[PDB]
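Shown below, as structure tokens, is a lone chain in the form deposited without 8-carbamoyl-1-benzopyran-1-ium; questions about how it binds or moves come after it.
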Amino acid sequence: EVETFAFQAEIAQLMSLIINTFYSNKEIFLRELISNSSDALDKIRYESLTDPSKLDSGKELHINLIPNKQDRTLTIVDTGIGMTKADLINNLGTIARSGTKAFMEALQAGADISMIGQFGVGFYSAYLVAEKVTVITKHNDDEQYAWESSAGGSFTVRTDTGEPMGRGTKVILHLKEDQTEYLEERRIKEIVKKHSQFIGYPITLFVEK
């Protein structure tokens, strides 16, 4: 049972701008998704300080980066707080209408796309490199859900009967054909070292057979 929703018009406009602006510095998508994972891990850590049972769904707080050249996917997995169904539908827990407005104005005034995370809508930078994005998420207060979009103005949500996650968020980037450099170990390592060196959780880059 799959539900299809329209993006709010401002979010569709954000996505179109990310997809159709000429902008070479695409590697910042990974910094922005790792930043979102760090923020989600901080949230479950803070809740655990007063209620240790919040970690019954998994004590380890960390980030995995999983390239798969056969499937052409890069997956960013975290064991943070996760999202409810309502959060997914409401722009993946962001204030994206207001953040898009501000970002648009900042671009007009001379900012560039790499500054997206200052506007709270860094998730959508995934569309610099991905033709389709799938988000699998599990919050202590909800069931496991899958959100997916190939842009074009709509997204889907379904209950996920895939491999159970425990708690957290997994962002699966189905890469554009010309963006396969982001599956190469040396390239991923270089980007994590350049932009994510002060993230306070382990970031494990998986190896391929």
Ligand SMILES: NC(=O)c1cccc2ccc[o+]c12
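Sequential numbering from 1, following the sequence displayed.
We do not show the form deposited with 8-carbamoyl-1-benzopyran-1-ium bound, though everything after this point is about it.
- The site is blocked: after superposition of the local C-alphas, three or more atoms of 8-carbamoyl-1-benzopyran-1-ium, taken in the entry with it bound, come within 2.4 Å of this form's backbone or C-beta atoms.
- 8-carbamoyl-1-benzopyran-1-ium in the entry with it bound is approached by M83, whose closest heavy atom lies within 4.5 angstroms of it.
- Heavy atoms of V135 reach within 4.5 Å of 8-carbamoyl-1-benzopyran-1-ium in the entry with it bound, making it an interface residue.
- Proximity of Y182 to 8-carbamoyl-1-benzopyran-1-ium in the entry with it bound falls outside the 4.5 Å heavy atom cutoff.
- 8-carbamoyl-1-benzopyran-1-ium in the entry with it bound comes within 4.5 Å of a heavy atom belonging to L92.
- Residues from 116 to 143 that approach 8-carbamoyl-1-benzopyran-1-ium in the entry with it bound with a non-hydrogen atom closer than or equal to 4.5 Å are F123, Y124, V135, in the order they occur in the chain.
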